[PDB]
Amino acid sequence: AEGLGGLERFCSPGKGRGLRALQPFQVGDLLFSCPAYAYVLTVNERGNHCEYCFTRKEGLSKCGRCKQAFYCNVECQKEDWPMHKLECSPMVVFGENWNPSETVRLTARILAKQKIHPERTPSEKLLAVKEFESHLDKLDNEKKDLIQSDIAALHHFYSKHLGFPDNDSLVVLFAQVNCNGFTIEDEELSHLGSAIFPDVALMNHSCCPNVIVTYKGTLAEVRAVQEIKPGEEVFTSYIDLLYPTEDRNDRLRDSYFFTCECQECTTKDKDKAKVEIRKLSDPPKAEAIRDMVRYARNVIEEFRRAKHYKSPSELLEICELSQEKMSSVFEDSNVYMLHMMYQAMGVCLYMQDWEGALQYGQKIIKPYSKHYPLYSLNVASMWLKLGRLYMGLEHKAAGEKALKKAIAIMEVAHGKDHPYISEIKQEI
């Protein structure tokens, strides 16, 4: 049996619904593939990727009216039109004032797909969009205010062609988009867009995941990173595994209303190395260390919101200033130091400072390999960033070693026949 035939929908105790294997799955094996029910490309990736198939290309056929949407050919342009029509005219009319969030952009595509294709889609083999968990009973004022702001934005930019249901039905739908929604990312883990994969959304969370979700354009591919036996539950990671048990569970309680009780969460085995303190002769107080963790956590959240409006020169300054204050107590291997080093590397890449970005990457990779589990995409993308930075700076010996190390992880996660692997092999 293959695809969703060798797997089944079942009730996981204390987790609601879940997916379990009916056949053995080895490391690297493709469990199932799921096409996108609805998908949307991020504004910052326009001109680099096709709006319909997400294929990265140089020189795409741009839209005549708006000149914002880019396509492979007339076929990609015509096929994306039922979804693009909701944005083409408003982009010309509103101009700089056209600013709907990616959540609003995607929810509009779901409402359009629910109209065009009301019957069951190939994306809904085991779980349907109408059957999705919303956590309406658990929703607080903070979330309801954000959902209401999104509903108001949906009415402001998409009410020309889309007939909306009652406010309470939209509250449930937006909550379902947050609970079951995915973000399509490339080989370098750069944000490409947002999508809905109902069959993939059936899998529960674990900090020790047995599977990984990679993308082949708009198609999500689920591959094993651990040995799965028949009857075993299929688990994926909903969050970045670099952070300790506290930081991990605070995000899971805030975004998905649950507390993870897996092996890494129970034992808290990696927490010590993650929040590593320097070996000082005159160390700060236990309360002073707690203050720096609080500062670092607030600096990460402030950078998250500042990223979308502040200039790269300002963003690089917060990365540098935070690192200097944290470096007085925290080690270079510390996860809070690594985040600001990663963000500074990202800023350096936008500013096209290759030597600057390489300096950070060389300090990030060794603690990254230690903190992250085996076959992690964050480690794979870091080797991929280093390799491409070494190759570009004519250090072809160091590049070849890093790109091969990225391939070694990606052959299990993306599969040996993935187009990304073929590109990296051609770069060598």
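The first residue of the shown sequence is 1; numbering continues from there.
Handout entry: Higher-B stretch (mean Cα B-factor, as the entry records it), 377-385 or 56-64
Key = According to the PDB entry, the answer is 56-64.
Practice task
Using the B-factors recorded in the PDB entry, average over the C-alpha atoms of 230-238 and of 290-298, then report which stretch comes out higher.
Solution key: Per the PDB record, 290-298.
Problem - Member of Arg105, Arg223, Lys143, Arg253 with the greatest C-alpha B factor (per the PDB record) - result: Answer, based on the entry's C-alpha B-factors: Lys143.
Handout entry: Selection from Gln176, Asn97, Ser123, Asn249 [criterion: highest C-alpha temperature factor in the record]
Key = The listed residue with the largest C-alpha B-factor is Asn97.
Problem - Relative C-alpha B-factor of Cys88, binned into the chain's lowest, middle or highest third - result: As the PDB entry reports it, the C-alpha B-factor of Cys88 lands in the highest third of its chain.
Handout entry: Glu131 CA temperature factor, ranked by third within the chain
Key = It belongs to the middle third of the chain when residues are ordered by C-alpha B-factor.
Exercise for the section: Comparing against every modelled residue in the chain, figure out the third that the C-alpha B-factor of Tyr420 lands in (lowest, middle or highest). Expected result: Middle third of the chain for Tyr420's C-alpha B-factor.
Practice task
Classify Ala344 as lowest, middle or highest third according to the C-alpha B-factor given in the PDB entry, relative to its own chain.
Solution key: It belongs to the lowest third of the chain when residues are ordered by C-alpha B-factor.
Practice task
Ordered by C-alpha B-factor within the chain, which third holds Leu338? Give me lowest, middle or highest, please.
Solution key: Middle third of the chain for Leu338's C-alpha B-factor.
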